[PDB]
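Next up is one chain by itself, shown in structure tokens, the form deposited in one PDB entry.
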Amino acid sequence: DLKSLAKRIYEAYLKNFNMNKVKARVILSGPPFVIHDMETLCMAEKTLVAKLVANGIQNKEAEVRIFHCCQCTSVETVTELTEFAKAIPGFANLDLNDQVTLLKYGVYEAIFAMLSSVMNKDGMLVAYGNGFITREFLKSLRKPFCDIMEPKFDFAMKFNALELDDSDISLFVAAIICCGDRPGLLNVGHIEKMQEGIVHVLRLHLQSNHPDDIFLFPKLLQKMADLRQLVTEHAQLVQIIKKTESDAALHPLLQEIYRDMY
């Protein structure tokens, strides 16, 4: 039954996420338009996000346009994660408020975990796999926008070195969502039992799928803690940008996620 549960989780991930590691690797293997400088950013925008640059002199600064594009992907991924969570045994049986709380704290940890699948050491896929933005270009942006993506590349290079596949990532994302220590949960006991169940599925799956790496489960527990810290730091940077960059608006769904988070 635990093998069946692992497969159900994987099937739910394949249905619900537009991007996965298989799809990303096909693309990254060599088509995506390469964004490596301001000229190619602007060319890519004209083809792939035309509306955002159809304002002439009224267009926002390039860094702010990138900030906006990043948030759009997060909004869509939050929708995918909310539908995915229904496949987790017990999740749909929880009080609606607890569902909201688990998603509030888990979505960005899951986002940064899955973001790793579209990253290599030189850059990352964007716009549903139709662009590839270089790591060096993102580092070249004016402060503080150059500080957004680099810590996520750093996380991703080490996470990708574990050589997880989608079957593993689906269970890891389910485990992220099930954390029983999120602030403000009502039914901690039922959430802890839901978490115990999914973590048991994850541990057995990693044992079967990665017999060569006897420590992969505790490695991933540590990655979960690393992701929590990465999200805490990211939220702090987002708040700095919101307060100091008059054009860098935050989408209302994301402002609700960030509100009172850390």
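By rigid core we mean the largest C-alpha set that fits within 1.5 Å across both forms. Shifts are known only where both forms have a C-alpha. In this text, residue numbers run from 1 along the sequence as written.
- For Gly56, the fraction of other compared entries lacking coordinates, among those that model flanking residues, reaches at least a third.
- Coordinates are given for every residue of the deposited sequence from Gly56 through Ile57, so that no gap is recorded there.
- Looking at 242-250 and 13-21 together, the entry lists the larger mean B-factor for 242-250, computed on C-alpha atoms.
- In this crystal structure, the stretch out of 186-194 and 149-157 whose C-alpha atoms carry the higher mean B factor is 186-194.
- Taking the PDB entry at face value, the top CA B factor among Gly123, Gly106, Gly90, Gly131 belongs to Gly90.
- Looking at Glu163, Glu80, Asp95, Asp168, the one whose CA carries the top B-factor in the deposited record is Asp95.
- Residue-level temperature factors show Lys139 in the middle third of its chain, judged at the C-alpha atom.
- Ranked within its chain, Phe215 lands in the middle third, by CA B factor from the PDB record.
- For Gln222, the recorded CA temperature factor ranks within the lowest third of the chain's modelled residues.
- Ranked within its chain, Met43 lands in the middle third, by CA B factor from the PDB record.
- Among all modelled residues in its chain, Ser208 ranks in the middle third by Cα B-factor.
The form deposited with a partner chain bound exists for this protein as well; it is not shown, and the discussion that follows is about that form.
- Within this chain, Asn97 lines the site of its partner chain in the deposited bound form, having a heavy atom no more than 4.5 Å away.
- Proximity of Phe91 to its partner chain in the deposited bound form falls within the 4.5 Å heavy atom cutoff.
- Remark: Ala249 does not count among the residues lining its partner chain in the deposited bound form, judged by a heavy atom distance of 4.5 Å or less.
- Among heavy atoms of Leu103, some come within 4.5 Å of its partner chain in the deposited bound form.
- Shown without its partner, this chain lists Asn120, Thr79, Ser140, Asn187 as candidates; in the deposited bound form, only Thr79 has a non-hydrogen atom within 4.5 angstroms of its partner chain.
- 48-51 is the sole run of three or more consecutive shared residues whose C-alphas all shift by 2 Å or more between this form and the one not shown after the rigid core is superposed.
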